[PDB]
Number of protein chains: 2
Amino acid sequence: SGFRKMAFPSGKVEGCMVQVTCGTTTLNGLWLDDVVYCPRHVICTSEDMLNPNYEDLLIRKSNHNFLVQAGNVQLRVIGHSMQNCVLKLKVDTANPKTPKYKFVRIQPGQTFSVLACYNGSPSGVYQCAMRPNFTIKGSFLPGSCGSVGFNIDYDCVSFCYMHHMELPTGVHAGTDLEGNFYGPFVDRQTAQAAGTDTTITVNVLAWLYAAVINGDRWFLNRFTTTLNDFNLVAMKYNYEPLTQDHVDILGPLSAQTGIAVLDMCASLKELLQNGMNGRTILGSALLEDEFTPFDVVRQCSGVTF
Amino acid sequence: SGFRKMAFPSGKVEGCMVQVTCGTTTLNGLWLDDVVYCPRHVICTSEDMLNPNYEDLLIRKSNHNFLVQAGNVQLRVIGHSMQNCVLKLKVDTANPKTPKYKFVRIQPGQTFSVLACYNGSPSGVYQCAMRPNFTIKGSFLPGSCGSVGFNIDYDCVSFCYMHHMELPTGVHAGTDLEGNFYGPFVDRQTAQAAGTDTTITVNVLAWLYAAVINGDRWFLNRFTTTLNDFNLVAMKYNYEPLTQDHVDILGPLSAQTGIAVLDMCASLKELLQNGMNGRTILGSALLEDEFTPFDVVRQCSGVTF
Ligand SMILES: *[C@@](O)(CO)[C@H](C[C@@H]1CCNC1=O)NC(=O)[C@H](CC(C)C)NC(=O)c1cc2c(OC)cccc2[nH]1
Ligand SMILES: *[C@@](O)(CO)[C@H](C[C@@H]1CCNC1=O)NC(=O)[C@H](CC(C)C)NC(=O)c1cc2c(OC)cccc2[nH]1
């Protein structure tokens, strides 16, 4: 039993974390096979960051301009290409620690593990969720650019995020491993705001099932609601609408506890209208939306990786 | 910026997790060099765990009664012995992924990272804190015995916890890597109850320092107390008394903010006596206690490994 914010074991990613230096800028790279992936603004100077023409700046660079570091071993760049905001540095040596990998673009509401890195060395691992406004509530310091977000299925690591910047509100934005930004953000040194951030509803419902599975039942009530009537109240409190797919995903959680999904919705409806009155749920004074139904099932059901 | 629970990179510990089977019972083991460490109750069947005589059970066990597997590959046991509640199995092969390691016994309040494992395959990693009643509020499922808790100091990995059981209350208990239980618990199929939990006072002070390092400093009292006077008032609110390593460990955080430890102690006593009056600190208004002063230094500074 128990329920913690759990990230995937990071060992498969640590073997790919390298250091990419170009000029006087240093960030992190992901060394898969004979390619090294890193944010493209490593090639930028301090003056270039304001308004960078990247294909312009990239054409003015060469292979020997990039300093790639893997441990205490300098990796030689034998070629360079650019895919959106991601730089691709081909090297002479392949990574023996390359796992089975894939490049996916997660949908908002999904979760992934972040391996915070500085100068190509892993600092810490933690779990994030892609918020509906395509930002993440991460923990990043200058030099964390190039850190990747990931999920592991069987022995396959599915990369989905690369860190790029920090918004003025403390949240963070980045790209997938193809270079496409999550959200309306761009890789320039400007103050960028995001859209209004809604609450991932189906994540809150799975979190409540996790509390019931762990013996916390103070929030349940003897009422039920229709899917539309719940979405009507949920929309009023800036919650994403619950879909028939979301209800289907919560199926196993409803089966284990015997509480219908539409029953849990009446509890979340009550919680939004009345508050928690100073009590806690799973030790939290707030409604938590950073756990997917899989995250709860993989913990509470007993699934292992 | 961004502050959240952050676990150590689990790669170095991943390469030390193995499977230990005795008859029909399977748990997890820690393989460092040519010795595998695991809970001693692996030599038990279902009815053996009720009232086990561990010295009498080990006398009827041989080296070939032990199945040690790295993945699916078996490591032959060339020697077995017992230290308290852990089992030591000498293996014919030395682990090439063995890092520089240590066996340490941590104090209630210190944090570590748990790498949850099932059948020798790491499942997830999360940060825990040792509660003052010597339990941990973990997240374990059947087959998780042998999962280790650890801290990383530079290139050294310090092992400090080996999981053993789950209390009726939902929390968990275990031993260090020397076999000695944390608390008054024993490895048996017995209903065991921990003592009354308290708040890790040194950890809320580091968290208040973490808030001061950022924006929130609204709770600064401009008052002081003696170490003795605060300890007497803190115990009246189910808070742990401050020891000596507590005051000295808060040193770097006090020098960074210029706010003395005893000055911060009076700010916290003001928050215990009159509450927070609907004000929030670092987001959640719940007085977090699972961040050590190192967790603040390590996160706010970007210490890598
Ligand atoms: C990378 O590590 C550098 O390659 C760095 C990581 C973030 C900054 C510190 N903490 C982080 O998460 N990324 C940046 O510094 C980026 C630069 C590229 C072009 C994206 N810039 C920002 O994150 C940034 C710039 C500004 C700003 O200007 C003006 C004004 C307000 C906020 C802001 N964030
Ligand atoms: C290990 O996997 C056993 O190898 C197992 C892990 C716990 C069980 C599931 N989740 C866990 O954290 N450990 C145990 O089963 C131990 C075995 C002891 C050390 C011999 N037992 C318990 O954790 C346990 C026993 C009892 C109990 O009795 C009956 C009554 C109430 C709670 C309880 N927990």
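Following Swiss-Prot, chain A residues are numbered 3264-3568, in order.
According to its header, this structure was worked out by X-ray crystallography, 2.8 Å.
Using the three backbone atoms N, Cα and C, a Cβ is placed for every residue, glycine included.
A:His3304 (active site, for 3CL-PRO activity) has a Cβ environment of 22 other Cβ atoms inside 10 Å. Among the features that Swiss-Prot reports, active site, for 3CL-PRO activity is placed at A:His3304, with the record citing sequence analysis.
Here A:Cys3408 (active site, nucleophile) comes close to A:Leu3290, A:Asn3291, A:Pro3302, A:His3304, A:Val3305, A:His3426, A:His3427, A:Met3428: these same-chain residues lie at least six apart in sequence, with C-beta atoms under 8 angstroms from its C-beta. Annotation comment: Swiss-Prot describes A:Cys3408 as active site, nucleophile.
The ubiquitin cross-link feature in Swiss-Prot is assigned to A:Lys3268 (among others). The 10 Å shell around the Cβ of A:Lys3268 (ubiquitin cross-link) contains 20 further Cβ atoms across the protein chains shown.
Sequence-distant neighbours of A:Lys3353 (ubiquitin cross-link) (same chain, 6+ residues apart, CB-CB distance under 8 A): A:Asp3297, A:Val3298, A:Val3299, A:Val3340, A:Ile3341, A:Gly3342, A:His3343, A:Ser3344. Following the DSSP three-state reduction, the secondary structure of A:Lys3353 (ubiquitin cross-link) is strand. Annotation source Swiss-Prot lists ubiquitin cross-link at A:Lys3353 (among others).
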By the criterion CB under 8 A from chain B, which of the recorded positions A:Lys3268, A:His3304, A:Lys3353, A:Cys3408 would you report?
A:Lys3268
Which recorded positions of A:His3304, A:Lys3353, A:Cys3408 contact ligand 1 in the sense of C-beta under 6 Å?
A:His3304, A:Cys3408
